[PDB]
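Undergrad: Let me begin by handing over the structure; questions about it come next.
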Number of protein chains: 4
Amino acid sequence: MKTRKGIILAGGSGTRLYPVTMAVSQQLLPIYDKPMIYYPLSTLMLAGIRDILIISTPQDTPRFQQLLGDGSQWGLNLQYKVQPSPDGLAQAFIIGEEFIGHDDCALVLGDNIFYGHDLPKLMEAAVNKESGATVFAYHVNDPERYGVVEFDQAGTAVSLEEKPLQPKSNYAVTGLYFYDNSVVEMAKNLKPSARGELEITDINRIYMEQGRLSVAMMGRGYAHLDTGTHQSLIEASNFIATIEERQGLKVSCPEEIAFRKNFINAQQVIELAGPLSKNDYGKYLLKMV
Amino acid sequence: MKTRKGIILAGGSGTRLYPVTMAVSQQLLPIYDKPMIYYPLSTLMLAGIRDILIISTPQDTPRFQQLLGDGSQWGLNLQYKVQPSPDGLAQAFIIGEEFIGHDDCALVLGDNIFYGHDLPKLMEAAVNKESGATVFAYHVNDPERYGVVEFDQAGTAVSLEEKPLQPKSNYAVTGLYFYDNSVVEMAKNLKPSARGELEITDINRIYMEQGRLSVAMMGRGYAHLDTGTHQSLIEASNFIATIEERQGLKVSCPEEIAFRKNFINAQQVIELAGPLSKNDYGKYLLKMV
Amino acid sequence: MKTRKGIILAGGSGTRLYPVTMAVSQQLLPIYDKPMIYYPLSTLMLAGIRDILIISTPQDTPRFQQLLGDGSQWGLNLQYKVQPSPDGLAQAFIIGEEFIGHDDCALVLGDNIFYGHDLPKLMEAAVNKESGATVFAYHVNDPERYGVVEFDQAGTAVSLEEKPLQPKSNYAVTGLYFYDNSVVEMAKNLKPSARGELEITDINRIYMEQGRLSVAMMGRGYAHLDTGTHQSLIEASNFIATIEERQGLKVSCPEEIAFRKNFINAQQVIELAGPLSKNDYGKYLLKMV
Amino acid sequence: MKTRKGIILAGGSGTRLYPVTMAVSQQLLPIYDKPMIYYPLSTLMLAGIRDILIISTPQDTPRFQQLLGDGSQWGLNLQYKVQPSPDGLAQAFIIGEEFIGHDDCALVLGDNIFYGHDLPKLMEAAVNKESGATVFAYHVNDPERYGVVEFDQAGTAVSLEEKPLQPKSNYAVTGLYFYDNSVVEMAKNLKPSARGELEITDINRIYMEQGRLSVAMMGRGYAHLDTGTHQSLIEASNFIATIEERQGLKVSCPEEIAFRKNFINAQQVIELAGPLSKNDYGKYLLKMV
Ligand SMILES: O=c1ccn([C@@H]2O[C@H](COP(=O)(O)OP(=O)(O)O[C@H]3O[C@H](CO)[C@@H](O)[C@H](O)[C@H]3O)[C@@H](O)[C@H]2O)c(=O)[nH]1
Ligand SMILES: O=c1ccn([C@@H]2O[C@H](COP(=O)(O)OP(=O)(O)O[C@H]3O[C@H](CO)[C@@H](O)[C@H](O)[C@H]3O)[C@@H](O)[C@H]2O)c(=O)[nH]1
Ligand SMILES: O=c1ccn([C@@H]2O[C@H](COP(=O)(O)OP(=O)(O)O[C@H]3O[C@H](CO)[C@@H](O)[C@H](O)[C@H]3O)[C@@H](O)[C@H]2O)c(=O)[nH]1
Ligand SMILES: O=c1ccn([C@@H]2O[C@H](COP(=O)(O)OP(=O)(O)O[C@H]3O[C@H](CO)[C@@H](O)[C@H](O)[C@H]3O)[C@@H](O)[C@H]2O)c(=O)[nH]1
């Protein structure tokens, strides 16, 4: 029993993306060749996670369910739940309390795109840590926007601040977290912040003080993207297009990852790629086996 | 009589774009900072057309209606009608027969993106043509994919073929057409081709055989874009992003066009810019007035 | 142009019914007062379908042709084609590609018996849906045997599995399907399943993901029969006998349905019932007019 | 001499069963778990008869041959001969004259189903009778339909009439008869009746007038079934289904009878049970040995 359950928090309205998000849900927007939701979903599968709860707005939840179903086609077990109002990342564990039960869990933001040659290994370690938590961070130019993590002369994380007026560093904690079961009771005791939200940073600070928090780095060989603005969104799509078209590889293709993790076998892949063989998406899969 | 009516055919399922078009209508996909449907709408607007019929599938028509409404916000009159199945472009005149009536009509595909400094002047002539039809052709590398038009030494159109295995030229007829009322009766008497579709090319050939076909060239300063594949889709988005960011202008922005053409006043622009004031899209509108 | 064409897949060997099927084709076995084939045939006529292709084994195909002919006696247009080997339900659209052409179609299993006071209405809706598909489902005690459809807390179908080891529900998709023209291209891209067959469920899952699939229920007032075993077969016959003998009505009598749907007139019915007036079969018809 | 020869008359067209008998021979229709022909075959088998002639129409004879073959699989010797037209039951002796030769013969209708615990003992006496004939009578409600036999106070048969408008009793003579060699010459000298048929009743009356007619009662524990109509057909099937399912026994199963009577051994039973091992029919055979 380890981090066998995951949650994808895909709520919000994406107002900064208007008018593109007036007709399409942000997490359904394409990132080159696939819907945005495929990326965070692929991140959890890479960690060996099959039981995944997707939390979204009452309007967008059914659209994700139509696209993905129960995930059985990829050897997954997808569930869904609505978030009435975006009260904060931490509320994910409140809404997913029954789903999580007594197991470990992982949380990823539905609009964060992760990629890196060593990503699988990086998360393998996070999954094998049954007590405590693991967060990920990387350098940015606008730390005041995200949760910040400060290290010491050695290289240990000693502080965390949610959007500090004067950041202690430029290392922001990304939207990917791995917790043990104690995270549920933590979120239930949290109180609203200055902005009236249950902060994920308040939970991570506790694991830190207990000395049970790992802070893995997503630097040097990792992709650092943002889907928040029209400009950042297209940059993200260009990144994916560039690596897929120039290096001949697929990034966050759930059918491929499901095969690699042995969620589905070769026969199943061919069955899935059959109907999709009209474009290179299905052809790549047919070549894979 | 000036052409004051237009039809935007935004149906289909865009299989070549799977899986992005699985839970999202192709014509709703973003093209950098706005949904695809905005582009062809703008084209008709630049032609002075304000009475527009939008045809889509029974599943997608309601989504466009939810996005564009009646178009009154832009001083437009938008109507909707469903196309049961993709039986051909020409079927838009049979579906929109009641819409058209006795007036001339324009047809533009919902996934075609037109941009050019002289685009308005180019269509101004087509809109003012008394009797006959006007199409546009431009050079491409894969003519076999589109409707092909061949010219004679004099420079007159003498041959029209749909996806010829042996193209008699490299000039493709794009998805923008201006017809007089006689098109309706033409479409009604059309018989499906091998693929069982009411071919627009058959219509154009009829106008040509009658010697009433005008073919305006859309070369030089005109954008030649395609939204058929993931690769060409991102190229289109990059085109728009590049022009807007480096030349400080908006391509096919309904609010700006409606203003520049006086369809709406300055007070209204501010109202529309409000919900979009979080990004450069809305701010551009505020700065405009 | 709607679902005007139908296919009856009546192949197989019915080995589980041996030795009864050693001398008689399964679809010719009597279900009380009429041959089994009359039921699925009557289901398509009730949907207003007149152009019907019957697919069967090279041995049994000519026997159906002898019994039914070209169906002109009932205002139908029956065609026949042989299926060399039972490669799967989906192969029906491959074998019937020329027959289907560019029209919509419906597929029914030759050994499924449907009945219900509201059946006509239920299918009327399915026939009027030109884009997408409609499948039917009902509760069972052995879901692992059929295609399973899972719904959500609301009441929408969100998943489909062909004989799941651990069914998500007890709602099996019966042998009755209505598709648009896109079903042909779908079946041609399908790949064999674990059992080496082209699954109808693989096609239905695609319509589901596209949000173009309707899942009508054949519950409460509908008959739920099975012709697979000696025990189920006689139960099915007893059901028909019971309703016909105790409620004085005919179930799936093609001459009656042909009259009700106006395929044939009163004079034609009398002409047909004349020679059959030796038993109550022809007498009922003579009384009907 | 014991009667070691039998004739099964399985011709006709069964018009009363239309339309089930249109493309299917009446004697091939299933009676729950086996074709009708199996029942009368079993009756002769229980009487020790192994040399059997099966007479049917020119169109159906080949279908029975395809089903039963030569009967060697059951240690039987089966032969086939066609009956051009339905000129009467007595014509079976004229057609089978060469088959019969100088031996006694038994005649059973192909659509008559006999079952009774004491049935074997009942026929054992008839088979061992030296000279004369033996018929069977039982009570019915519509004697006018069958051959009627009246008894005197002493209990002796004194009157035989075919379908009497005014039956002198309610005892019908069933379709099972045991005759000595003199029947052949009797049949040959028979003159057709009003309906132009060689009446079996005329034959039986001849044996009666000579004082050589034995009439065994087939009442009490004997099944009285009729396959003439859809209603009585399903009642027969229900009878068999009920006895087999509730009393765990098979009615008229050739494989079991051939075994119980040692016509075939246990090794052979297994061979025959193989192709039937998918249902309770074959499994019953395997469990038997
Ligand atoms: O209750 C909520 C809150 C957020 N979201 C969505 O989750 C994503 C989060 O983006 P955002 O609101 O801008 O993140 P912040 O809340 O500002 O900050 C959190 O997410 C950052 C990563 O973007 C971390 O660096 C911070 O430490 C963490 O506290 C978006 O798509 C939101 O719409 C929900 O669905 N429900
Ligand atoms: O009945 C129909 C047919 C098409 N479309 C839509 O129209 C666009 C056209 O795409 P597609 O059907 O694949 O193009 P073709 O029909 O193969 O070709 C037509 O469009 C080309 C430009 O793209 C022209 O060059 C050709 O001459 C013209 O016949 C798409 O967004 C379709 O979904 C509909 O909505 N309904
Ligand atoms: O290539 C084929 C396959 C089947 N059949 C016949 O069609 C009927 C289908 O019965 P069966 O083989 O047992 O159905 P399955 O293939 O096990 O499953 C299909 O039929 C079920 C209804 O019985 C559905 O619930 C499932 O979703 C669907 O995939 C039978 O009379 C078959 O002989 C053919 O004629 N040709
Ligand atoms: O030339 C003939 C006559 C009959 N049959 C078959 O024999 C069975 C008898 O049916 P049917 O002809 O309708 O019965 P009847 O000839 O009217 O009556 C006969 O069979 C009855 C039992 O069913 C007896 O009671 C009567 O005395 C006897 O005359 C059927 O399966 C017939 O197809 C033949 O194959 N060939």
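Numbering starts fresh at 1 for the residues of each chain in the structure tokens, the chains themselves are lettered A, B, ... in the order given, and ligands are numbered from 1 as they appear.
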Fewer than 2 positions away in the same chain doesn't count, so skip those; otherwise give me all residues within 12 Å of residue 105 in chain D, counting only C-alpha atoms, as an NGL selection string.
TA: :D and (1-8 or 44 or 47 or 49-53 or 92-93 or 96-103 or 107-108 or 126-134 or 176-184)
Undergrad: Output as a PyMOL selection string all residues of range 143-188 of chain C that backbone DSSP marks as strand (DSSP E or B).
TA: chain C and resi 147-151+157-162+171-179
Undergrad: Give the residues of chain A that lie within 6 Å of chain B; count only C-alpha atoms, and format the answer as a ChimeraX atom specification.
TA: /A:16,19-20,23,30,33-35,67,230,279
Undergrad: Can you spit out the residues from that selection as a PDB file, in the first residue's frame, using N, CA, C and O atoms?
TA:
```pdb
ATOM      1  N   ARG A  16      -8.737  34.588 -17.435  1.00  0.00           N
ATOM      2  CA  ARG A  16      -7.620  35.241 -18.102  1.00  0.00           C
ATOM      3  C   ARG A  16      -7.479  34.755 -19.545  1.00  0.00           C
ATOM      4  O   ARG A  16      -6.850  35.422 -20.365  1.00  0.00           O
ATOM      5  N   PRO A  19     -11.379  35.310 -24.776  1.00  0.00           N
ATOM      6  CA  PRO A  19     -12.610  34.529 -24.932  1.00  0.00           C
ATOM      7  C   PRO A  19     -12.482  33.040 -25.297  1.00  0.00           C
ATOM      8  O   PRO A  19     -13.499  32.382 -25.522  1.00  0.00           O
ATOM      9  N   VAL A  20     -11.262  32.496 -25.337  1.00  0.00           N
ATOM     10  CA  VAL A  20     -11.118  31.087 -25.715  1.00  0.00           C
ATOM     11  C   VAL A  20     -11.830  30.130 -24.761  1.00  0.00           C
ATOM     12  O   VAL A  20     -12.378  29.123 -25.188  1.00  0.00           O
ATOM     13  N   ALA A  23     -16.133  29.102 -24.674  1.00  0.00           N
ATOM     14  CA  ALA A  23     -16.808  27.989 -25.337  1.00  0.00           C
ATOM     15  C   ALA A  23     -16.207  26.642 -24.976  1.00  0.00           C
ATOM     16  O   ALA A  23     -16.878  25.613 -25.048  1.00  0.00           O
ATOM     17  N   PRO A  30      -6.600  22.294 -26.479  1.00  0.00           N
ATOM     18  CA  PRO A  30      -5.521  21.456 -27.006  1.00  0.00           C
ATOM     19  C   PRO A  30      -4.113  21.960 -26.699  1.00  0.00           C
ATOM     20  O   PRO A  30      -3.870  23.160 -26.707  1.00  0.00           O
ATOM     21  N   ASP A  33      -1.342  18.339 -29.849  1.00  0.00           N
ATOM     22  CA  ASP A  33      -2.106  17.219 -30.396  1.00  0.00           C
ATOM     23  C   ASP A  33      -3.052  16.525 -29.443  1.00  0.00           C
ATOM     24  O   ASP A  33      -3.677  15.531 -29.804  1.00  0.00           O
ATOM     25  N   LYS A  34      -3.163  17.023 -28.226  1.00  0.00           N
ATOM     26  CA  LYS A  34      -4.052  16.374 -27.282  1.00  0.00           C
ATOM     27  C   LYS A  34      -4.647  17.338 -26.269  1.00  0.00           C
ATOM     28  O   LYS A  34      -4.107  18.426 -26.047  1.00  0.00           O
ATOM     29  N   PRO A  35      -5.777  16.958 -25.652  1.00  0.00           N
ATOM     30  CA  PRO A  35      -6.386  17.866 -24.666  1.00  0.00           C
ATOM     31  C   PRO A  35      -5.515  18.046 -23.426  1.00  0.00           C
ATOM     32  O   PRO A  35      -4.845  17.118 -22.987  1.00  0.00           O
ATOM     33  N   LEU A  67     -15.221  12.522 -22.436  1.00  0.00           N
ATOM     34  CA  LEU A  67     -13.932  12.312 -23.093  1.00  0.00           C
ATOM     35  C   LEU A  67     -13.192  11.070 -22.600  1.00  0.00           C
ATOM     36  O   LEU A  67     -12.732  10.260 -23.395  1.00  0.00           O
ATOM     37  N   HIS A 230      -2.745  33.468 -23.023  1.00  0.00           N
ATOM     38  CA  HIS A 230      -2.717  33.096 -24.423  1.00  0.00           C
ATOM     39  C   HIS A 230      -1.266  32.890 -24.845  1.00  0.00           C
ATOM     40  O   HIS A 230      -0.942  31.927 -25.533  1.00  0.00           O
ATOM     41  N   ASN A 279      -4.742   9.666 -38.261  1.00  0.00           N
ATOM     42  CA  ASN A 279      -3.642  10.611 -38.173  1.00  0.00           C
ATOM     43  C   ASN A 279      -2.452   9.911 -37.540  1.00  0.00           C
ATOM     44  O   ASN A 279      -2.517   8.719 -37.246  1.00  0.00           O
TER      45      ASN A 279
END
```
Undergrad: May I ask you to write as a VMD selection string all residues lying at most 7 Å from ligand 3, with only C-alpha atoms and all ligand atoms counted?
TA: chain C and resid 9 to 14 56 85 to 89 91 109 to 111 145 to 148 162 172 to 175 199 to 201
Undergrad: Could you give me, as a ChimeraX atom specification, the residues within 7 Å of residue 261 in chain A, counting only C-alpha atoms and dropping anything in the same chain fewer than 3 positions from it?
TA: /A:48,257-258
Undergrad: Contacts of residue 115 in chain D at 9 Å or less, counting only C-alpha atoms, minus same-chain residues fewer than 4 places along, as a PyMOL selection string?
TA: chain D and resi 39+43+119+221-224+251-252
Undergrad: Suppose you want the space between CA of residue 187 in chain A and CA of residue 204 in chain A; what is it in Å?
TA: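 We find that CA of residue 187 in chain A and CA of residue 204 in chain A lie 10.6 Å from each other.
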Undergrad: Report the distance between CA of residue 138 in chain D and CA of residue 94 in chain D in Å, rounded to one decimal place.
TA: 27.9 Å
Undergrad: So how many Å separate CA of residue 141 in chain D and CA of residue 211 in chain D, to one decimal?
TA: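 CA of residue 141 in chain D sits 28.0 Å away from CA of residue 211 in chain D.
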Undergrad: Quick one: everything within 8 Å of residue 171 in chain D, counting only C-alpha atoms, minus sequence neighbours fewer than 4 positions away in the same chain. Send it as a list in words.
TA: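 In the requested form, the answer reads residues 137, 138, 139, 140, 143, 148, 149 and 150 of chain D.
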